[PDB]
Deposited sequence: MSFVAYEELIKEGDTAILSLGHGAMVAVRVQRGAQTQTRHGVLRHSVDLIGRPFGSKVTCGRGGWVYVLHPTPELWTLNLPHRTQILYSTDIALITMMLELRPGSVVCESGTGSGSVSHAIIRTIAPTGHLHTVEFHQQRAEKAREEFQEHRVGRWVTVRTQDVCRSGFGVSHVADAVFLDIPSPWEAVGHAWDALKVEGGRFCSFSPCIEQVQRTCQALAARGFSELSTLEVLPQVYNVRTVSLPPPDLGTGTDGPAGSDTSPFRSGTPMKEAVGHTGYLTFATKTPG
């Protein structure tokens, strides 16, 4: 930690990410006297973690070992406790650039959900920016506040428990960017406009279904939004393997040599959602 600044050494209260081999991993809250069990053995925090530098090989128990990684939003996204379906880093990367997020940006978000996007945004807009996020589910809202304090990023984020479609984001004409991940985003387009600065800003909505996109685009146009774009981004991941196809027996007694290939981990890439962007300008 922190999530917003690299530190050399592991300390109490830190969220650490353990790599367990393959690509499997688990997140851990470091506390004195605490123990964590893994397939490679046990980790006693007070002696095996605390005081030690990130990126180190940590021997666990019966000679087993693990690597400990410094937390990042990307790693957090892959290890956080789901209270909702979340966005993954591929969609988040595109959202972040297309919303023109940077240090100092003021951002409004709903719904907070499980905080995957929230942490990414905070990482990007720190140290001078602020995130005003909204979640109308009391428990999810509070669980998010807890995590933000645990991760020491409360300064850069305010969670408001309310319905974004009736009561808005809780701020007006302060935001450079608005991000929506809710079932009925067309009912929030007006508040997004109100939340964005008068001088203008950027808008993005995430929707799984094309009918949600259609309604969103209709509402954006009617309210005065411009530069409407709807995109979908699809990740493909490859395994690096050496393969050798056996030569055929034609009866004969070079052109059949082994090769490196990049094969997809999965035969199919799924659909998360459509991303609809737009711009607010005066006039």
Missing segments of the deposited chain sequence, listed N- to C-terminal: 254-259
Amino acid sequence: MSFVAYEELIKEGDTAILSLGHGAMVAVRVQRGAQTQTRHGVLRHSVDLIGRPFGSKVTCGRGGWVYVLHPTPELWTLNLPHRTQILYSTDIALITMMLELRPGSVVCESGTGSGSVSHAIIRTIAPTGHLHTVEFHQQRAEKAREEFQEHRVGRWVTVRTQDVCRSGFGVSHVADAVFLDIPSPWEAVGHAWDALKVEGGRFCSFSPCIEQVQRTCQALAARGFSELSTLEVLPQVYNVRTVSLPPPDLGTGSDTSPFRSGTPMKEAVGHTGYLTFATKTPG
From here on, numbers count along this sequence of modelled residues.
Residue range whose averaged C-alpha B-factor is higher in the record, 117-125 or 135-143: 135-143
Per the entry, higher mean C-alpha B factor between 53-61 and 220-228: 53-61
Selection from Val68, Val26, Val233, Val42 [criterion: highest C-alpha temperature factor in the record]: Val42
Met265 CA temperature factor, ranked by third within the chain: highest
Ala278, C-alpha B-factor rank within chain (lowest, middle or highest third): lowest
Chain-wide C-alpha B factor ranking for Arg202, given as lowest, middle or highest third: lowest
Chain third (lowest, middle, highest) by recorded CA B-factor, residue given as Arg102: lowest
